[PDB]
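The structure appears below as structure tokens.
Where a number appears in this text, it was derived from the coordinates with a stated rule and is not lab data. Note that each Cβ is placed from the backbone with ideal geometry, even for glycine, and that neighbours are counted across all protein chains shown.
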Protein chains: 2
Amino acid sequence: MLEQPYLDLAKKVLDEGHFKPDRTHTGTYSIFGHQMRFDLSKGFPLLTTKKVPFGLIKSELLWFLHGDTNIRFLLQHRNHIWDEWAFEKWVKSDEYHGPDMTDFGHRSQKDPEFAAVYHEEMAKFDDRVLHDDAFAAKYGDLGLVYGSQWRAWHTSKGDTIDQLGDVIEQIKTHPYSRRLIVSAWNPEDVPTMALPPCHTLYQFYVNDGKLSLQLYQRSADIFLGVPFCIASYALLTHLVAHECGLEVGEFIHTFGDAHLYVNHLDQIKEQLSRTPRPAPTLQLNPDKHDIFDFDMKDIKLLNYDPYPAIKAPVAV
Amino acid sequence: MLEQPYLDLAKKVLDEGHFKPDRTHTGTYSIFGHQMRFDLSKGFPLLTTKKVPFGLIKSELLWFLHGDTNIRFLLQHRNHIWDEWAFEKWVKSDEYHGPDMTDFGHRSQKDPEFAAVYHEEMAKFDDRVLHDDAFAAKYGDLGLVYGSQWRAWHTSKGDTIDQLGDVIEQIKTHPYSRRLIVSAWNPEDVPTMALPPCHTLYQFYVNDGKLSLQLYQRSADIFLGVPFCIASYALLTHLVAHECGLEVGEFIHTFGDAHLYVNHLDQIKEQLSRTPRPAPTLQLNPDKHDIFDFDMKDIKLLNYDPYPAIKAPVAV
Ligand SMILES: O=c1ccn([C@H]2C[C@H](O)[C@@H](COP(=O)(O)O)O2)c(=O)[nH]1
Ligand SMILES: O=c1ccn([C@H]2C[C@H](O)[C@@H](COP(=O)(O)O)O2)c(=O)[nH]1
């Protein structure tokens, strides 16, 4: 079944892991080095044994492709995945006036009185960013994010480089190129980043008329992130394969440090109780092809039939 | 047996490959995405079923660690692996006076009259680089090479960054860091390089008292390069594990596009006839620890017992 590789990753990390400490202080069972392989021609790797919001995987990807960096497009789409970043910044500015929210996303999960002041100032932020133009530009832009590392890699002679736009040229004219790589890992910026890239780099490869993509993710959360990531990329593999006029091959997911947090144990353990169902089917607008200018409407997820979503706490 | 993972890579590429064209025009059987895993505590992954020159894997690595880039240290050690690069450059300079050696390393393998003029001007070059200081600096420096990408990553504010020297700091003070990565893939320089890095990036990871390293090599030659590379890195894993005071774990080799050239088929096919022998054993100078200042003498390969070396032509 499509997703078995994924469930097998979790058993392996559970009944074969190794406990180790980490940045957030919850704890983890971890393993190092792991390849997993999905055959997109067989289906779409959106988990069935747990309900994943394609809405979120979808709007975030298109944000990326525009080479955006402002949370404002996401908010525009009710997508709040990246707020806690922009916010934190806003919070540590004296233009921020009020409740010194230090470790806001820490205590808010142990103290319900704070979970209200916090979430209040958040809708302050997100509404301001939504409405005050000068704010959206000042506090809404994140800066170095996948979109800018994909389509605006800052050089040392003052210019921007469109990495993703370029590799796509090479796929048409040199489908056999073994240098078709996009990297988001930048040495000079790496030591001044809230969170240096998890999805470090990817490489496409055109087998006989088919396009494949391999990902190297240095740090993974089997439970909360891996289910999302598998789809951002299986989606990206189609989008590109669309523009270049190629059929679709495989998605090869490779991990450095793959972890399962302590307090997620009971959930993954329950999720394994389920028996996978037939995977959905990605449908794309056959009229439009210039992927950089695709829009939500242009994608369709046919036949998705998932098990209830599983409640789980962010380990922080 | 230690090296089986490697031999199994070659069978897989042979009795399960896919033919595809490429840069040099020989031809290949290829596969995409592959992880292989060696347990350095069990031995040293220098192939036994074929004789590999540890002398070469060794001097090239130390060159790297010094953050050198001049072929002059290698020549100093009879190591000629990188000459054809420096040379080519020298050749396309009008200071080069004489035999316009276009595609020298092409025709020299189909025409034995040329294989003599060529190899003559080569010893011209290598002797000049060995002796004429201003030449060694002018034509002997390669520039962007593993040594400079490891220890002098050019930033956009005029400075050099010691990537490898830094990760090593982090291993001591944050052995559990999941951001311990060195990358040699640079977007802005990539489109003006004779050969952009094969060994794209590596990441260390400290499991319970043990150090592990995973490599992402975008393009491999199962026959001629993979046997060398497995050892540069298994060697590097020990060297680092030496300085940081850690035990040694595993070497995880991950490939994007792994190929076997057409005209190498008969050789690999013969090499598989052999039955692996017990692997050698790396011994390091217990007195010295500052790896950046190690020297040949400080390494010892105990108990190596290899099958005859196998003759093979460079596909070009
Ligand atoms: O798409 C994503 C984003 C984040 N994370 C996780 C992985 C780790 O839990 C943490 C990053 O580890 P450090 O870099 O902070 O060590 O965020 C994912 O798994 N997938
Ligand atoms: O350490 C090394 C150096 C080179 N190569 C090979 C791999 C390919 O044969 C060629 C590089 O492929 P392209 O980047 O040129 O497409 O050089 C190796 O396998 N290992």
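Here is what passes the span test in chain A: the DSSP H helices with alpha carbon length of 24 Å or more along the helix axis and a Kyte-Doolittle mean of -0.5 or above are A:114-131, A:226-243. Straight Cα distances below 12 angstrom link residue A:58 to the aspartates and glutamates A:295, A:298, with same-chain residues fewer than 8 positions distant left out.
Between copies, the label points of residue B:66, set 7 Å from Cα on the Cα→Cβ line, lie 5.3 nm apart, reported in increasing order to one decimal in nanometres. Averaged over the residues of peptide B:250-257, the number of Cβ atoms from other protein chains lying within 10 Å of each residue's Cβ is 6. Each peptide in B:170-183, B:302-315 was scored by the mean count of other Cβ atoms within 10 Å over its residues; highest first, the order is B:170-183, B:302-315.
May I ask you to list the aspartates and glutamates whose Cα is less than 17 Å away from that of residue A:172, ignoring any residue fewer than eight positions away on the same chain? Reachable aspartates and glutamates: A:162, A:208, A:243, A:247, A:290, B:22.
The ellipsoid equivalent to the alpha-carbon distribution of the range B:111-212 has semi-axes of 37, 17, 14 angstrom, derived from the gyration tensor eigenvalues as √(5λ) and listed largest first. Given +1 at the Cβ of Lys and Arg, -1 at the Cβ of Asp and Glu and no other charges, the dipole of the protein assembly as shown around its Cα centre is 1820 debye to the nearest 20. Amide H contacts of residue A:210: none lie under 5 Å away among residues 5 or more positions distant or on a separate chain (H built 1.01 Å from N in the peptide plane; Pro and chain starts excluded). Sequence-ordered 3J(HN,Hα) estimates for the range B:141-155 from the Karplus curve with 6.51, -1.76 and 1.60 and θ = phi - 60° stand at 7, 8, x, 6, 8, 2, x, 6, 6, 7, 10, 6, 6, 4, 9 Hz, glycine and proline given as x.
Just to be sure I understand: of the beta bridges DSSP finds with both ends in the protein assembly as shown, what percent are antiparallel, rounded to 5? The antiparallel fraction comes to roughly 75 percent. Of the residues A:53, A:109, A:99, the one whose Cα sits farthest towards the positive end of the charge dipole of the range A:39-109 is A:53 (charges of +1 on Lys and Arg Cβ, -1 on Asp and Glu Cβ, taken about the Cα centre). Using the Cα centre of the range B:225-281 as origin and beta-carbon charges of +1 (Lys, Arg) and -1 (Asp, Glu), tell me which of B:229, B:276, B:259 is placed farthest towards the positive end of the dipole. Comparing the listed Cα positions along the dipole, B:276 ranks first. Note on the range B:92-230: dipole from Cβ charges, positive end direction compared against B:219, B:173, B:197; the farthest Cα belongs to B:173. For residue B:94, inter-copy separations between label points set 7 Å beyond Cα along the Cβ vector come to 6.4 nm, shortest first. For residue B:218, the residues whose amide H sits under 5 Å from its own are B:200, B:256, ignoring neighbours fewer than 5 places away on the same chain, with H placed 1.01 Å from N. Using a 7 Å projection from Cα along Cα-to-Cβ, the label point at residue B:285 is separated from the same position in the remaining copies by 6.6 nm, smallest value first. Restricting the calculation to Cα atoms, the range B:187-283 shows an Rg/Rh of 1.04 when the hydrodynamic-style radius is the Kirkwood one. At what distance in angstrom do the alpha carbon centres of the range B:94-131 and the range A:1-58 lie from each other? Comparing the Cα centres of the range B:94-131 and the range A:1-58, I get a distance of 54 Å.
Listed by chain and number, the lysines whose alpha-carbon sits under 19 Å from that of residue B:124, ignoring those within fewer than 8 places in the same chain, are B:89, B:92, B:138. Note that the range A:174-186 has calculated 3J(HN,Hα) couplings of 9, x, 9, 4, 9, 10, 5, 10, 10, 10, 10, 8, 10 Hz, one per residue in order, obtained from phi through the Karplus relation 6.51 cos²θ - 1.76 cosθ + 1.60 (θ = phi - 60°); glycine and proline are x. Inter-chain neighbour count for A:180-190: the average number of beta-carbon atoms from partner chains within 10 Å of each residue's beta-carbon is 6. Applying both filters, DSSP loop and at most 14 other Cβ atoms within 10 Å, to the GluC sites (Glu not before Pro) of the range B:105-210 gives B:113. Rounded to 0.05, the FRET efficiency of the residue B:316 and residue B:66 pair, given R0 = 25 Å and the Cβ-Cβ distance, is 0.25.
Between residue B:274 and residue A:288, the distance separating the two model label sites (each 7 Å from Cα on the Cα→Cβ line) works out to 5.8 nm.
The range A:254-271 and the range B:213-235 have Cα centres separated by 31 Å. Name the residue, out of B:213, B:130, B:40, whose mean-square fluctuation peaks in a Gaussian network model built on chain B with Cα pairs under 10 Å. Looking only at B:213, B:130, B:40, the largest GNM fluctuation is found for B:130. Return the long-range amide H neighbours of residue B:28 (sequence gap of 5 or more, or a different chain), with a cut-off of under 5 Å between placed amide H atoms. Amide H to amide H, under 5 Å and 5 or more residues apart or across chains, residue B:28 pairs with B:20, B:262.
Loop-located trypsin sites (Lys or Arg not before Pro) across the range B:52-146 with a Cβ neighbour count of 14 or fewer within 10 Å are B:78, B:92, B:110, with loop assigned by DSSP. Counting every other Cβ atom within 10 Å of each residue's Cβ, B:1, B:101 order from fewest to most as B:1, B:101.
When chain B is treated as a GNM with alpha-carbon contacts under 10 Å, the residue of B:81, B:222, B:168 showing the greatest mean-square fluctuation is B:81.
Given that compact globular proteins tend to follow 2.2 N^0.38 Å, what is the ratio of the alpha-carbon Rg of chain B to that value?
Details: Rg = 20.1 Å, N = 316, 2.2 N^0.38 = 19.6 Å.
Relative to the rule-of-thumb radius for its length, chain B sits at 1.03.
Under the definition of Cα pairs under 8 Å and six or more residues apart, what whole-number percent is the relative contact order of chain A?
After rounding, I find 29 percent.
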